[PDB]
Amino acid sequence: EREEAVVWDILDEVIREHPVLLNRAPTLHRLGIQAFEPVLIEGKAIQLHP
Amino acid sequence: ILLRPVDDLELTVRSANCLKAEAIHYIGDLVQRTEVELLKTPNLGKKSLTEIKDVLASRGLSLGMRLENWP
Amino acid sequence: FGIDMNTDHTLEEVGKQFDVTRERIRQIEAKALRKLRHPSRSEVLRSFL
DNA sequence: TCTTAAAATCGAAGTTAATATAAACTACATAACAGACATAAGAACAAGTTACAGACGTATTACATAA
DNA sequence: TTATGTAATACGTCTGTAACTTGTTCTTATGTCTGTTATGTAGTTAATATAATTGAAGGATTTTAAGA
């Protein structure tokens, strides 16, 4: 909650190679949900590969 | 460990009694004194001293080191 | 206190364990309490405040 | 074999946070709330019972001194 | 050489501390009984009066049972 730095290093280590699932509605086919490796970025928006 | 008070050593009431009677309050004050200086304390006998030695040696410490500029 | 046990017990049936004496049970429990209060074996419990 | 009324269905997320009309008196039994008392449980003090510690006193041996 | 007398030394030990334990004694929290008030239930009223009720609405297609 206090958002210390070591929390940020721990977060990097947990997300190091943990894939996440991205989805967009409507899910017309199975390509509407795909797994990506996350890269932590400053901001509030998800960056998507073109 | 050098910054904990004497009671942390968990001394027998006889021991803690004696060392509180000589105003020996800090483990530095325990170590800078020697065995003969403690054996001269009234009511501090040989077996009391040996159990002090055992318990203090449990914590990686011993009697008689010289601590500079204590405290 | 009833740890790992279905019911809590008062001094009576705690005495009923070996010797049925009240003040000895109280003094034993108080000795155990100040022994646990010792800062050397209570840091792991102080974190739960 | 041909009308004719029913029955069922009709994309995902996302957000979203409600209202609003329209018998009285009497009699009885029961439940709830408050107060006081007795009881069981704990806190406090003091005593007794017991072994061990801590330094002293003693006993023993060896060195020194005296004959 | 040997009695003697001091001195180191090791072992009992008398006493001071402390642990274990009980008596008992006082205090308090709780459970219970009892008395009083509010709540909840129930019964009755005697000009005469005698077939609701309120909406609601541009649907478009299929399939499947009743009626003839």
# chains A, B, ... in the order shown; residues from 1 in each chain; ligands from 1
$ closest_atom_pairs --of "chain D" --to "chain C" --cutoff "12 Å" --atoms "only C-alpha atoms (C1' of nucleotides)" --output "tab-separated table"
residue	atom	partner	partner_atom	distance
D:40	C1'	C:10	CA	11.1
D:41	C1'	C:10	CA	8.4
D:42	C1'	C:26	CA	8.9
D:43	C1'	C:26	CA	9.7
D:44	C1'	C:23	CA	10.9
$ write_last_selection --atoms "C-alpha atoms (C1' of nucleotides)" --output "compact mmCIF listing (two decimals), in the first residue's frame"
# COMPACT_ATOMS: atom_id res chain seq x y z
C1' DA D 40 -18.64 -19.22 41.32
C1' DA D 41 -14.38 -17.62 39.69
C1' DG D 42 -10.26 -15.06 40.13
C1' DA D 43 -6.68 -11.75 42.60
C1' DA D 44 -3.94 -10.75 46.52
$ residues_around --residues "residue 66 (chain B)" --least-positions-apart "2" --cutoff "12 Å" --atoms "only C-alpha atoms (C1' of nucleotides)" --output "list in words"
residues 28, 29, 30, 31, 32, 33, 34, 62, 63, 64, 68, 69, 70 and 71 of chain B
$ atom_distance --atom1 "CA of residue 39 (chain C)" --atom2 "CA of residue 8 (chain B)"
7.1 Å
$ closest_atom_pairs --of "chain E" --to "chain B" --cutoff "12 Å" --atoms "only C-alpha atoms (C1' of nucleotides)" --output "Markdown table"
| residue | atom | partner | partner_atom | distance |
| --- | --- | --- | --- | --- |
| E:16 | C1' | B:43 | CA | 9.4 |
| E:17 | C1' | B:14 | CA | 7.3 |
| E:18 | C1' | B:14 | CA | 7.6 |
| E:19 | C1' | B:13 | CA | 10.1 |
$ atom_distance --atom1 "CA of residue 27 (chain B)" --atom2 "CA of residue 50 (chain B)"
16.2 Å
$ interface_residues --of "chain E" --to "chain C" --cutoff "12 Å" --atoms "only C-alpha atoms (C1' of nucleotides)" --output "list in words"
residues 19, 20, 21, 22, 23 and 24 of chain E
$ write_last_selection --atoms "N, CA and C atoms (P, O5', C5', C4', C3', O3' and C1' of nucleotides)" --output "tab-separated table (two decimals), in the first residue's frame"
chain	number	residue	atom	x	y	z
E	19	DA	P	13.30	-18.04	41.60
E	19	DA	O5'	12.52	-19.42	41.43
E	19	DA	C5'	13.25	-20.58	41.11
E	19	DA	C4'	12.60	-21.80	41.73
E	19	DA	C3'	11.13	-21.99	41.37
E	19	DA	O3'	10.93	-23.28	40.83
E	19	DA	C1'	11.45	-22.16	43.71
E	20	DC	P	9.53	-23.64	40.14
E	20	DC	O5'	8.71	-24.38	41.30
E	20	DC	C5'	9.24	-25.56	41.89
E	20	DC	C4'	8.27	-26.13	42.90
E	20	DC	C3'	6.80	-26.09	42.47
E	20	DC	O3'	6.20	-27.35	42.71
E	20	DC	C1'	7.06	-25.05	44.58
E	21	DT	P	4.70	-27.64	42.22
E	21	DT	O5'	3.82	-27.35	43.51
E	21	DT	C5'	4.29	-27.77	44.78
E	21	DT	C4'	3.49	-27.12	45.89
E	21	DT	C3'	2.02	-26.88	45.57
E	21	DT	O3'	1.22	-27.85	46.21
E	21	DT	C1'	3.01	-25.13	46.87
E	22	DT	P	-0.37	-27.89	45.94
E	22	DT	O5'	-0.99	-27.20	47.25
E	22	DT	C5'	-0.70	-27.75	48.52
E	22	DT	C4'	-1.02	-26.75	49.62
E	22	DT	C3'	-2.49	-26.36	49.74
E	22	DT	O3'	-2.94	-26.61	51.07
E	22	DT	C1'	-1.10	-24.44	49.77
E	23	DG	P	-4.51	-26.70	51.40
E	23	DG	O5'	-4.69	-25.64	52.58
E	23	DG	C5'	-3.81	-24.54	52.66
E	23	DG	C4'	-4.20	-23.62	53.80
E	23	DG	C3'	-5.68	-23.38	53.94
E	23	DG	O3'	-5.95	-22.85	55.22
E	23	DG	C1'	-4.65	-21.50	52.93
E	24	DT	P	-7.45	-22.78	55.78
E	24	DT	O5'	-7.73	-21.21	55.91
E	24	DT	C5'	-6.68	-20.28	55.70
E	24	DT	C4'	-7.22	-19.00	55.10
E	24	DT	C3'	-8.73	-19.05	54.79
E	24	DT	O3'	-9.31	-17.77	55.00
E	24	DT	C1'	-7.59	-18.44	52.90
$ select_by_dssp --residues "region 2-47 of chain A" --states "strand (DSSP E or B)" --output "list in words"
residues 20, 21, 22, 23, 33, 34, 35 and 36 of chain A
$ interface_residues --of "chain B" --to "chain C" --cutoff "12 Å" --atoms "only C-alpha atoms" --output "PyMOL selection string"
chain B and resi 1+4-11
$ residues_around --residues "region 2-9 of chain D" --least-positions-apart "5" --cutoff "9 Å" --atoms "only C-alpha atoms (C1' of nucleotides)" --output "list in words"
residues 63, 64, 66, 67 and 68 of chain E
$ closest_atom_pairs --of "chain D" --to "region 15-29 of chain A" --cutoff "12 Å" --atoms "only C-alpha atoms (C1' of nucleotides)" --output "tab-separated table"
residue	atom	partner	partner_atom	distance
D:11	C1'	A:26	CA	8.1
D:12	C1'	A:26	CA	4.6
D:13	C1'	A:25	CA	5.3
D:14	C1'	A:25	CA	10.0
$ write_last_selection --atoms "C-alpha atoms (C1' of nucleotides)" --output "mmCIF file, in the first residue's frame"
data_model
loop_
_atom_site.group_PDB
_atom_site.id
_atom_site.type_symbol
_atom_site.label_atom_id
_atom_site.label_comp_id
_atom_site.auth_asym_id
_atom_site.auth_seq_id
_atom_site.Cartn_x
_atom_site.Cartn_y
_atom_site.Cartn_z
ATOM 1 C "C1'" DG D 11 -24.781 -10.134 -30.212
ATOM 2 C "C1'" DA D 12 -20.829 -8.920 -26.826
ATOM 3 C "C1'" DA D 13 -18.623 -6.186 -23.449
ATOM 4 C "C1'" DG D 14 -19.262 -1.217 -20.919
#
$ select_by_dssp --residues "chain A" --states "alpha helix (DSSP H)" --output "list in words"
residues 5, 6, 7, 8, 9, 10, 11, 12, 13 and 14 of chain A
$ residues_around --residues "residue 41 (chain E)" --least-positions-apart "4" --cutoff "10 Å" --atoms "only C-alpha atoms (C1' of nucleotides)" --output "VMD selection string"
chain D and resid 28 to 30
$ residues_around --residues "residue 49 (chain A)" --least-positions-apart "6" --cutoff "12 Å" --atoms "only C-alpha atoms (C1' of nucleotides)" --output "PyMOL selection string"
chain A and resi 22+34-39
$ interface_residues --of "chain B" --to "chain D" --cutoff "10 Å" --atoms "only C-alpha atoms (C1' of nucleotides)" --output "list in words"
residues 14, 42, 43, 44, 45, 46, 47 and 48 of chain B
$ atom_distance --atom1 "CA of residue 31 (chain C)" --atom2 "CA of residue 16 (chain B)"
16.4 Å
$ decode --residues "region 16-31 of chain C" --atoms "N, CA and C atoms" --output "PDB file, in the first residue's frame"
ATOM      1  N   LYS C  16      -7.541 -30.532  37.502  1.00  0.00           N
ATOM      2  CA  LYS C  16      -7.901 -31.944  37.411  1.00  0.00           C
ATOM      3  C   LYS C  16      -6.956 -32.752  36.526  1.00  0.00           C
ATOM      4  N   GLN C  17      -6.050 -32.100  35.794  1.00  0.00           N
ATOM      5  CA  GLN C  17      -5.078 -32.794  34.959  1.00  0.00           C
ATOM      6  C   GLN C  17      -4.161 -33.677  35.798  1.00  0.00           C
ATOM      7  N   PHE C  18      -3.345 -33.071  36.662  1.00  0.00           N
ATOM      8  CA  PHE C  18      -2.479 -33.831  37.559  1.00  0.00           C
ATOM      9  C   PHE C  18      -2.772 -33.578  39.029  1.00  0.00           C
ATOM     10  N   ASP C  19      -2.764 -32.324  39.478  1.00  0.00           N
ATOM     11  CA  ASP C  19      -3.087 -32.002  40.862  1.00  0.00           C
ATOM     12  C   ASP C  19      -4.166 -30.930  40.893  1.00  0.00           C
ATOM     13  N   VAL C  20      -5.183 -31.147  41.720  1.00  0.00           N
ATOM     14  CA  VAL C  20      -6.373 -30.279  41.719  1.00  0.00           C
ATOM     15  C   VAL C  20      -6.097 -29.174  42.733  1.00  0.00           C
ATOM     16  N   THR C  21      -5.365 -28.158  42.277  1.00  0.00           N
ATOM     17  CA  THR C  21      -5.014 -26.998  43.087  1.00  0.00           C
ATOM     18  C   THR C  21      -5.101 -25.750  42.225  1.00  0.00           C
ATOM     19  N   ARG C  22      -5.792 -24.733  42.736  1.00  0.00           N
ATOM     20  CA  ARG C  22      -6.144 -23.560  41.944  1.00  0.00           C
ATOM     21  C   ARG C  22      -4.985 -22.575  41.833  1.00  0.00           C
ATOM     22  N   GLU C  23      -4.449 -22.148  42.978  1.00  0.00           N
ATOM     23  CA  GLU C  23      -3.462 -21.078  42.971  1.00  0.00           C
ATOM     24  C   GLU C  23      -2.177 -21.500  42.272  1.00  0.00           C
ATOM     25  N   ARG C  24      -1.814 -22.780  42.347  1.00  0.00           N
ATOM     26  CA  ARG C  24      -0.677 -23.255  41.569  1.00  0.00           C
ATOM     27  C   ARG C  24      -0.915 -23.128  40.074  1.00  0.00           C
ATOM     28  N   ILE C  25      -2.126 -23.429  39.606  1.00  0.00           N
ATOM     29  CA  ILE C  25      -2.417 -23.265  38.187  1.00  0.00           C
ATOM     30  C   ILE C  25      -2.329 -21.798  37.795  1.00  0.00           C
ATOM     31  N   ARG C  26      -2.888 -20.913  38.624  1.00  0.00           N
ATOM     32  CA  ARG C  26      -2.794 -19.487  38.327  1.00  0.00           C
ATOM     33  C   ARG C  26      -1.348 -19.019  38.262  1.00  0.00           C
ATOM     34  N   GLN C  27      -0.539 -19.396  39.248  1.00  0.00           N
ATOM     35  CA  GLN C  27       0.837 -18.920  39.283  1.00  0.00           C
ATOM     36  C   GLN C  27       1.642 -19.490  38.127  1.00  0.00           C
ATOM     37  N   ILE C  28       1.371 -20.739  37.741  1.00  0.00           N
ATOM     38  CA  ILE C  28       2.036 -21.312  36.577  1.00  0.00           C
ATOM     39  C   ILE C  28       1.664 -20.544  35.315  1.00  0.00           C
ATOM     40  N   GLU C  29       0.378 -20.227  35.150  1.00  0.00           N
ATOM     41  CA  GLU C  29      -0.038 -19.503  33.953  1.00  0.00           C
ATOM     42  C   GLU C  29       0.563 -18.101  33.921  1.00  0.00           C
ATOM     43  N   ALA C  30       0.605 -17.423  35.069  1.00  0.00           N
ATOM     44  CA  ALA C  30       1.211 -16.096  35.124  1.00  0.00           C
ATOM     45  C   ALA C  30       2.712 -16.148  34.849  1.00  0.00           C
ATOM     46  N   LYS C  31       3.401 -17.170  35.369  1.00  0.00           N
ATOM     47  CA  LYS C  31       4.823 -17.307  35.074  1.00  0.00           C
ATOM     48  C   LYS C  31       5.036 -17.519  33.587  1.00  0.00           C
TER      49      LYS C  31
END
